[PDB]
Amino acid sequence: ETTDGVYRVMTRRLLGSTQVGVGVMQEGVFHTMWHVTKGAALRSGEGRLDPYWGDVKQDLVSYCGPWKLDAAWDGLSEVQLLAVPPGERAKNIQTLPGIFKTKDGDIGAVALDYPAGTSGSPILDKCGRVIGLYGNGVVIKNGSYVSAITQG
């Protein structure tokens, strides 16, 4: 089971079937955020997917191959968060990203709040390319969420 697309990452270790995160299958590689799997192996039906690359500081992890997602926010246009919340169908949310300004540079940020298990849902540009993964962000004064557009 390796066709391109967005996938839910489920676990059976707690009560019932829990969704801990989301991932993107592209070019035979499965992309997600480190804190979702924390590097653990994943089942895809009969087959098993094993970690290939990971980086806790980037909060990213690849499976069955090197990271393949290289599209980047253009810093002007709006983008779409293909959010996949636990128990609910995929939903596209258009927005204009903000900016995380850091010592080492600026990264796009999306001010959309979703359940913890939404970690890893892809972010797309107008041409459909995945520009990053939603999940690694901060909490501001009001108390809601701003996620980076985490790209590998």
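Residue positions are given as counts along the sequence shown, with the first one as 1. Take the two forms, find the largest set of C-alpha atoms that superpose within 1.5 Å, and that set is the rigid core.
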(request) After fitting on the rigid core, pick out whichever of 138-146 or 124-132 shows the bigger RMS C-alpha deviation in 4 other deposited structures of this protein. (result) 138-146
(message) If you take the mean CA temperature factor per stretch, which one wins between 6-14 and 130-138?
(response) 6-14
(message) If you average the CA temperature factors as listed in the entry, which stretch comes out higher, 110-118 or 42-50?
(response) 42-50
(message) Can you tell me whether residue 88 has a C-alpha B-factor in the lowest, middle or highest third compared with the other modelled residues of the same chain?
(response) middle
(request) Could you say whether, by C-alpha temperature factor, residue 66 belongs to the lowest, middle or highest third of its chain? (result) lowest
(request) Taking the values exactly as deposited, rank residue 104 by C-alpha B-factor within its chain and report the matching third: lowest, middle or highest. (result) highest
(request) Just say lowest, middle or highest third for the CA B-factor of residue 21 relative to the other modelled residues in its chain. (result) middle
(request) Give the position of residue 72 by CA B-factor within its chain, expressed as the lowest, middle or highest third. (result) middle
